[PDB]
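Structure file protein_10.pdb with PDB, C-alpha atoms (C1' of nucleotides):
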```pdb
ATOM      1  CA  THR A 197     -57.957-186.470 102.088
ATOM      2  CA  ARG A 198     -54.174-186.940 102.279
ATOM      3  CA  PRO A 199     -53.513-187.824  98.592
ATOM      4  CA  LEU A 200     -55.394-184.762  97.328
ATOM      5  CA  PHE A 201     -53.494-182.561  99.787
ATOM      6  CA  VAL A 202     -50.235-183.987  98.424
ATOM      7  CA  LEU A 203     -51.380-183.470  94.824
ATOM      8  CA  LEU A 204     -52.319-179.849  95.594
ATOM      9  CA  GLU A 205     -48.616-179.087  96.166
ATOM     10  CA  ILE A 206     -47.833-178.516  92.480
ATOM     11  CA  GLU A 207     -48.898-175.136  91.101
ATOM     12  CA  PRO A 208     -50.474-176.039  87.702
ATOM     13  CA  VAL A 209     -53.229-178.124  89.325
ATOM     14  CA  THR A 210     -54.373-175.086  91.320
ATOM     15  CA  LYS A 211     -54.717-172.945  88.178
ATOM     16  CA  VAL A 212     -57.491-175.022  86.573
ATOM     17  CA  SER A 213     -60.930-174.017  87.831
ATOM     18  CA  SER A 214     -62.707-177.387  87.702
ATOM     19  CA  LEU A 215     -60.248-179.351  89.845
ATOM     20  CA  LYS A 216     -59.869-176.483  92.318
ATOM     21  CA  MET A 217     -63.653-176.231  92.685
ATOM     22  CA  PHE A 218     -63.996-179.999  93.145
ATOM     23  CA  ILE A 219     -61.280-180.044  95.818
ATOM     24  CA  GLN A 220     -62.925-177.067  97.525
ATOM     25  CA  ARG A 221     -66.317-178.782  97.705
ATOM     26  CA  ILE A 222     -64.829-182.089  98.871
ATOM     27  CA  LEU A 223     -62.899-180.289 101.620
ATOM     28  CA  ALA A 224     -66.066-178.425 102.612
ATOM     29  CA  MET A 225     -68.030-181.683 102.843
ATOM     30  CA  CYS A 226     -65.182-183.250 104.831
ATOM     31  CA  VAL A 227     -65.198-180.356 107.305
ATOM     32  CA  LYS A 228     -68.984-180.071 107.644
ATOM     33  CA  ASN A 229     -70.543-183.501 107.077
ATOM     34  CA  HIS A 230     -67.795-185.530 108.800
ATOM     35  CA  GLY A 231     -66.533-183.013 111.363
ATOM     36  CA  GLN A 232     -62.796-183.526 111.983
ATOM     37  CA  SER A 233     -62.209-179.771 112.040
ATOM     38  CA  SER A 234     -58.704-180.378 113.473
ATOM     39  CA  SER A 235     -56.860-182.416 110.828
ATOM     40  CA  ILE A 236     -58.099-180.315 107.904
ATOM     41  CA  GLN A 237     -57.191-177.019 109.590
ATOM     42  CA  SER A 238     -53.707-178.328 110.404
ATOM     43  CA  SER A 239     -53.243-179.468 106.801
ATOM     44  CA  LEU A 240     -54.334-176.049 105.524
ATOM     45  CA  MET A 241     -51.943-174.347 107.956
ATOM     46  CA  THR A 242     -49.100-176.589 106.762
ATOM     47  CA  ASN A 243     -49.873-175.831 103.110
ATOM     48  CA  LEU A 244     -50.109-172.096 103.784
ATOM     49  CA  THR A 245     -46.815-172.065 105.702
ATOM     50  CA  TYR A 246     -44.883-174.143 103.148
ATOM     51  CA  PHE A 247     -46.431-172.630  99.992
ATOM     52  CA  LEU A 248     -47.462-169.230  98.637
ATOM     53  CA  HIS A 249     -49.989-170.086  95.907
ATOM     54  CA  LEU A 250     -52.492-171.834  98.216
ATOM     55  CA  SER A 251     -53.584-168.725 100.149
ATOM     56  CA  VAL A 252     -56.337-167.960  97.632
ATOM     57  CA  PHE A 253     -57.363-171.626  97.772
ATOM     58  CA  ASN A 254     -57.679-171.438 101.563
ATOM     59  CA  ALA A 255     -59.693-168.215 101.383
ATOM     60  CA  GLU A 256     -62.037-169.626  98.732
ATOM     61  CA  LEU A 257     -62.551-172.822 100.739
ATOM     62  CA  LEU A 258     -63.372-170.773 103.841
ATOM     63  CA  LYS A 259     -65.789-168.602 101.845
ATOM     64  CA  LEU A 260     -67.515-171.681 100.407
ATOM     65  CA  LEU A 261     -67.836-173.158 103.901
ATOM     66  CA  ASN A 262     -69.264-169.899 105.258
ATOM     67  CA  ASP A 263     -71.793-169.386 102.454
ATOM     68  CA  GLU A 264     -73.401-172.789 101.870
ATOM     69  CA  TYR A 265     -72.047-175.006 104.660
ATOM     70  CA  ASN A 266     -72.572-172.266 107.324
ATOM     71  CA  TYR A 267     -69.690-173.478 109.503
ATOM     72  CA  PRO A 268     -67.775-170.392 110.694
ATOM     73  CA  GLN A 269     -66.008-172.288 113.501
ATOM     74  CA  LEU A 270     -63.198-173.444 111.202
ATOM     75  CA  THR A 271     -62.463-169.857 110.159
ATOM     76  CA  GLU A 272     -62.496-168.781 113.813
ATOM     77  CA  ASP A 273     -59.965-171.477 114.725
ATOM     78  CA  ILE A 274     -57.774-170.662 111.713
ATOM     79  CA  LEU A 275     -57.728-166.966 112.632
ATOM     80  CA  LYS A 276     -56.917-167.815 116.257
ATOM     81  CA  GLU A 277     -54.013-170.004 115.119
ATOM     82  CA  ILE A 278     -52.789-167.189 112.860
ATOM     83  CA  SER A 279     -52.918-164.803 115.822
ATOM     84  CA  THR A 280     -50.973-167.247 118.013
ATOM     85  CA  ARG A 281     -48.593-168.322 115.224
ATOM     86  CA  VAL A 282     -44.881-167.544 115.606
ATOM     87  CA  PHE A 283     -42.398-167.132 112.742
ATOM     88  CA  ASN A 284     -38.618-167.421 112.661
ATOM     89  CA  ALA A 285     -36.337-164.525 111.752
ATOM     90  CA  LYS A 286     -34.971-166.309 108.651
ATOM     91  CA  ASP A 287     -38.038-167.409 106.664
ATOM     92  CA  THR A 288     -40.175-164.795 104.919
ATOM     93  CA  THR A 289     -42.405-166.859 102.600
ATOM     94  CA  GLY A 290     -44.551-167.919 105.559
ATOM     95  CA  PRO A 291     -45.545-164.406 106.638
ATOM     96  CA  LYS A 292     -46.124-163.433 102.999
ATOM     97  CA  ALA A 293     -48.468-166.384 102.446
ATOM     98  CA  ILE A 294     -50.290-165.621 105.704
ATOM     99  CA  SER A 295     -50.676-162.005 104.578
ATOM    100  CA  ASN A 296     -52.045-163.038 101.184
ATOM    101  CA  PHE A 297     -54.500-165.432 102.838
ATOM    102  CA  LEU A 298     -55.772-162.722 105.195
ATOM    103  CA  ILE A 299     -56.105-160.219 102.335
ATOM    104  CA  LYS A 300     -58.080-162.682 100.216
ATOM    105  CA  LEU A 301     -60.289-163.692 103.157
ATOM    106  CA  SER A 302     -61.057-160.045 103.939
ATOM    107  CA  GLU A 303     -61.886-159.512 100.270
ATOM    108  CA  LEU A 304     -64.159-162.583 100.346
ATOM    109  CA  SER A 305     -66.045-162.732 103.684
ATOM    110  CA  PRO A 306     -65.567-159.684 105.936
ATOM    111  CA  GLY A 307     -68.362-160.681 108.305
ATOM    112  CA  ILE A 308     -67.162-164.137 109.345
ATOM    113  CA  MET A 309     -63.567-162.985 109.868
ATOM    114  CA  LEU A 310     -64.581-159.800 111.720
ATOM    115  CA  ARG A 311     -65.664-161.781 114.795
ATOM    116  CA  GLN A 312     -62.111-162.871 115.682
ATOM    117  CA  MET A 313     -60.509-159.543 114.708
ATOM    118  CA  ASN A 314     -60.067-158.689 118.402
ATOM    119  CA  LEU A 315     -57.437-161.431 118.714
ATOM    120  CA  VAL A 316     -56.056-160.665 115.237
ATOM    121  CA  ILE A 317     -55.250-157.102 116.346
ATOM    122  CA  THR A 318     -52.815-158.611 118.862
ATOM    123  CA  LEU A 319     -50.768-159.857 115.887
ATOM    124  CA  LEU A 320     -50.160-156.242 114.810
ATOM    125  CA  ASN A 321     -47.471-155.896 117.505
ATOM    126  CA  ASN A 322     -45.235-158.253 115.502
ATOM    127  CA  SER A 323     -42.150-156.807 113.818
ATOM    128  CA  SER A 324     -43.155-158.376 110.489
ATOM    129  CA  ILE A 325     -43.929-155.879 107.724
ATOM    130  CA  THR A 326     -46.140-157.893 105.382
ATOM    131  CA  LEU A 327     -48.377-159.132 108.209
ATOM    132  CA  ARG A 328     -48.943-155.588 109.499
ATOM    133  CA  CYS A 329     -49.739-154.387 105.979
ATOM    134  CA  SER A 330     -52.140-157.308 105.526
ATOM    135  CA  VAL A 331     -53.892-156.562 108.823
ATOM    136  CA  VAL A 332     -54.363-152.915 107.829
ATOM    137  CA  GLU A 333     -55.573-153.891 104.347
ATOM    138  CA  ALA A 334     -57.977-156.471 105.798
ATOM    139  CA  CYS A 335     -59.409-153.945 108.257
ATOM    140  CA  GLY A 336     -59.919-151.424 105.465
ATOM    141  CA  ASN A 337     -61.636-153.902 103.158
ATOM    142  CA  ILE A 338     -63.825-155.273 105.958
ATOM    143  CA  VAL A 339     -65.045-151.825 106.993
ATOM    144  CA  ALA A 340     -65.496-150.726 103.366
ATOM    145  CA  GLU A 341     -67.514-153.739 102.190
ATOM    146  CA  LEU A 342     -69.565-153.987 105.388
ATOM    147  CA  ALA A 343     -70.654-150.379 104.763
ATOM    148  CA  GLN A 344     -73.269-151.477 102.215
ATOM    149  CA  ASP A 345     -75.423-153.336 104.763
ATOM    150  CA  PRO A 346     -76.918-151.029 107.435
ATOM    151  CA  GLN A 347     -77.722-154.000 109.685
ATOM    152  CA  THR A 348     -74.068-155.064 109.823
ATOM    153  CA  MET A 349     -72.981-151.556 110.826
ATOM    154  CA  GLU A 350     -75.748-151.222 113.426
ATOM    155  CA  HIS A 351     -75.104-154.611 115.043
ATOM    156  CA  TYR A 352     -71.302-154.178 115.145
ATOM    157  CA  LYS A 353     -70.887-150.487 116.022
ATOM    158  CA  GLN A 354     -68.427-150.908 118.901
ATOM    159  CA  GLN A 355     -65.811-153.069 117.187
ATOM    160  CA  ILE A 356     -65.990-151.228 113.848
ATOM    161  CA  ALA A 357     -65.489-147.950 115.723
ATOM    162  CA  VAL A 358     -62.536-149.441 117.619
ATOM    163  CA  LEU A 359     -61.045-150.701 114.349
ATOM    164  CA  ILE A 360     -61.463-147.296 112.680
ATOM    165  CA  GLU A 361     -59.842-145.576 115.672
ATOM    166  CA  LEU A 362     -56.919-148.014 115.527
ATOM    167  CA  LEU A 363     -56.567-147.395 111.785
ATOM    168  CA  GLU A 364     -56.503-143.636 112.400
ATOM    169  CA  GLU A 365     -53.872-144.055 115.122
ATOM    170  CA  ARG A 366     -51.832-146.236 112.740
ATOM    171  CA  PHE A 367     -51.151-143.158 110.563
ATOM    172  CA  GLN A 368     -47.746-142.916 112.296
ATOM    173  CA  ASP A 369     -45.348-145.870 112.250
ATOM    174  CA  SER A 370     -41.718-146.760 111.663
ATOM    175  CA  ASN A 371     -42.678-148.453 108.392
ATOM    176  CA  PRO A 372     -43.865-146.035 105.674
ATOM    177  CA  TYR A 373     -45.623-148.968 103.984
ATOM    178  CA  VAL A 374     -47.957-149.504 106.944
ATOM    179  CA  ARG A 375     -48.811-145.796 106.802
ATOM    180  CA  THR A 376     -49.466-146.092 103.061
ATOM    181  CA  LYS A 377     -51.762-149.065 103.672
ATOM    182  CA  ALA A 378     -53.605-147.086 106.357
ATOM    183  CA  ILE A 379     -54.078-144.148 103.978
ATOM    184  CA  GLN A 380     -55.346-146.489 101.250
ATOM    185  CA  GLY A 381     -57.790-148.056 103.703
ATOM    186  CA  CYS A 382     -59.037-144.621 104.739
ATOM    187  CA  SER A 383     -59.512-143.733 101.066
ATOM    188  CA  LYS A 384     -61.525-146.924 100.555
ATOM    189  CA  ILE A 385     -63.605-145.974 103.606
ATOM    190  CA  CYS A 386     -64.241-142.446 102.319
ATOM    191  CA  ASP A 387     -65.038-143.544  98.749
ATOM    192  CA  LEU A 388     -68.687-143.155  99.831
ATOM    193  CA  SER A 389     -70.001-139.975 101.460
ATOM    194  CA  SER A 390     -73.396-141.274 102.626
ATOM    195  CA  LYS A 391     -72.307-142.214 106.159
ATOM    196  CA  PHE A 392     -69.541-141.550 108.704
TER     197      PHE A 392
ATOM    198  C1'  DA B   1      51.848-141.574 101.671
ATOM    199  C1'  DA B   2      48.816-144.930  99.245
ATOM    200  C1'  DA B   3      45.300-148.244 100.619
ATOM    201  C1'  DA B   4      41.778-151.372 102.988
ATOM    202  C1'  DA B   5      38.122-151.024 106.756
ATOM    203  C1'  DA B   6      34.418-149.215 109.936
ATOM    204  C1'  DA B   7      30.855-145.482 111.130
ATOM    205  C1'  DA B   8      27.327-142.306 109.429
ATOM    206  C1'  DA B   9      24.075-139.172 106.481
ATOM    207  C1'  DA B  10      21.297-139.745 102.231
ATOM    208  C1'  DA B  11      18.058-142.239  99.470
ATOM    209  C1'  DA B  12      15.352-145.768  96.853
ATOM    210  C1'  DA B  13      11.452-149.112  96.766
ATOM    211  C1'  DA B  14       8.477-152.194  99.505
ATOM    212  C1'  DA B  15       4.778-153.726 102.796
ATOM    213  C1'  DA B  16       0.525-152.177 105.307
ATOM    214  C1'  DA B  17      -4.748-151.370 106.605
ATOM    215  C1'  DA B  18      -8.695-149.484 108.099
ATOM    216  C1'  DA B  19     -11.869-145.609 106.351
ATOM    217  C1'  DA B  20     -14.844-143.807 102.679
ATOM    218  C1'  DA B  21     -17.005-143.628  97.943
ATOM    219  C1'  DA B  22     -19.436-146.580  95.021
ATOM    220  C1'  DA B  23     -22.259-150.671  93.758
ATOM    221  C1'  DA B  24     -25.336-154.732  94.655
ATOM    222  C1'  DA B  25     -29.345-157.065  97.228
ATOM    223  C1'  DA B  26     -34.362-157.052  98.783
ATOM    224  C1'  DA B  27     -39.174-155.613  99.129
ATOM    225  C1'  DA B  28     -42.750-152.864  97.060
ATOM    226  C1'  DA B  29     -45.336-149.583  93.612
ATOM    227  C1'  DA B  30     -46.178-148.288  88.785
ATOM    228  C1'  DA B  31     -46.423-149.001  83.662
ATOM    229  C1'  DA B  32     -46.924-152.029  79.546
ATOM    230  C1'  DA B  33     -48.376-156.486  77.348
ATOM    231  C1'  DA B  34     -51.043-160.968  77.139
ATOM    232  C1'  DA B  35     -55.255-163.944  78.183
ATOM    233  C1'  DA B  36     -60.365-164.323  79.138
TER     234       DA B  36
END
```

Write-out of the structure in structure tokens:
Amino acid sequence: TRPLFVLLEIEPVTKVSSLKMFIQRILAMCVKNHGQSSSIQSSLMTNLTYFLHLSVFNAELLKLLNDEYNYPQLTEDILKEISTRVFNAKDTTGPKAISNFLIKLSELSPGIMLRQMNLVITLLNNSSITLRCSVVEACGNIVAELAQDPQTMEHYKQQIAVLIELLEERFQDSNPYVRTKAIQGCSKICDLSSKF
DNA sequence: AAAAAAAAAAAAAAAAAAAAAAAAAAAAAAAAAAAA
């Protein structure tokens, strides 16, 4: 696993679809068939902290694991680590990469990532701008895409209602960009008039 | 009974510095062009 993680550092390798797909499936088989859900998650966290272009790779790997390899525990642990992660006041690429990863994951698999959203909400208290915007955007996309399945709404009424109430309360903030993200999320929610 | 010498108004240029107008840095949204 280590040599492929080192080779993933350079950007042009990530752009090609075949190699990215092969690395995604090999990482999925490593996580599922051979366990070791601790080294791989730490490597992904290191790559996401030190690099910006690997957020989409992480989200796609998590989506592939959730769909075929039905192992949502890795995503739960990654989200918990993101919630408990601390950033310095000097670096800004780390929070931006985290934000991009959360946005892509919310675009990919709302349902798996919704389970740990209760601990993710605790990250909203951070003074970081991009992370707050990403949390708002992720909440909006999760509640918009989960709207299509009635079973998902029925089974998860309490937390989706809490998330919508928090989004409504987030209409006032020091950052205008967080307010803009909240308004965009509300627009995505109200794009359909069948329910709510 | 002119002639040096000291005291005193009058007057150039010179040095000074923090406060305000103006310009650059950083993150994000919108518009146009290229690749699939």

**Asked** Out of A:374, A:203, A:310, A:386, which residue has the shortest atom-to-atom distance to chain B when counting all atoms listed in the file?
**Response**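 Distance minimum relative to chain B lands on A:374.
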
Taking only residues of chain A that have an atom at most 10 Å from an atom of chain B, what is each one's shortest atom pair and its distance in Å to one decimal, using all atoms listed in the file, in chain and number order, as CSV?
```
residue,atom,partner,partner_atom,distance
A:325,CA,B:27,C1',9.8
A:326,CA,B:27,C1',9.6
A:373,CA,B:28,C1',8.4
```

Handout entry: All residues 8 Å or closer to residue A:300, only C-alpha atoms (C1' of nucleotides), same chain fewer than 3 positions away omitted, as a ChimeraX atom specification
Key = /A:251-252,255,296-297,303-304

For the atom pair atom CA of residue A:237 and atom CA of residue A:198, what is the interatomic distance in Å to one decimal place?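 So the answer is 12.7 Å.
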
Between atom CA of residue A:338 and atom CA of residue A:305 lies a distance of 8.1 Å

- For each of A:389, A:229, A:330, A:214, take the minimum atom-to-atom distance to residue A:266, counting only C-alpha atoms, then give the residue where this is smallest.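 Checking each of A:389, A:229, A:330, A:214 against residue A:266, counting only C-alpha atoms, the winner is A:229.
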
Box in all listed atoms of stretch 18-34 of chain B, axis-aligned, with 3 Å more on each side; write out centre and edge lengths in Å to one decimal as JSON.
```
{"center_x": -29.9, "center_y": -152.3, "center_z": 92.6, "size_x": 48.3, "size_y": 23.3, "size_z": 37.0}
```

*Would you list the contacts of residue A:321 as a VMD selection string, taking every protein, DNA or RNA residue within 12 Å and counting only C-alpha atoms (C1' of nucleotides), but skipping same-chain residues closer than 4 positions in sequence?*
chain A and resid 279 to 280 315 to 317 325 327 to 329 331 366 369

Keeping C-alpha atoms for every residue in the selection just given, could you write it to a file as a short mmCIF file (atom, residue, chain, number, x, y, z; two decimals), in the coordinates of the input?
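Now in selection.cif:
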```cif
data_model
loop_
_atom_site.label_atom_id
_atom_site.label_comp_id
_atom_site.auth_asym_id
_atom_site.auth_seq_id
_atom_site.Cartn_x
_atom_site.Cartn_y
_atom_site.Cartn_z
CA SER A 279 -52.92 -164.80 115.82
CA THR A 280 -50.97 -167.25 118.01
CA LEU A 315 -57.44 -161.43 118.71
CA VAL A 316 -56.06 -160.66 115.24
CA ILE A 317 -55.25 -157.10 116.35
CA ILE A 325 -43.93 -155.88 107.72
CA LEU A 327 -48.38 -159.13 108.21
CA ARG A 328 -48.94 -155.59 109.50
CA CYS A 329 -49.74 -154.39 105.98
CA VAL A 331 -53.89 -156.56 108.82
CA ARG A 366 -51.83 -146.24 112.74
CA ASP A 369 -45.35 -145.87 112.25
#
```

Query raised in the report: What gap, in Å, lies between atom CA of residue A:227 and atom CA of residue A:239?
Result: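 A separation of 12.0 Å between them.
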
#### Entry: A:276, A:228, A:384, A:259 ranked by distance to residue A:341, top pick (using all atoms listed in the file)
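The answer is A:384, which sits nearest to residue A:341.
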
For this structure, which residues satisfy the selection - the PyMOL selection byres ((chain A and resi 388) around 12) - when it is evaluated on the file as given? I want them as a PyMOL selection string. chain A and resi 339-341+343-344+382-387+389-392
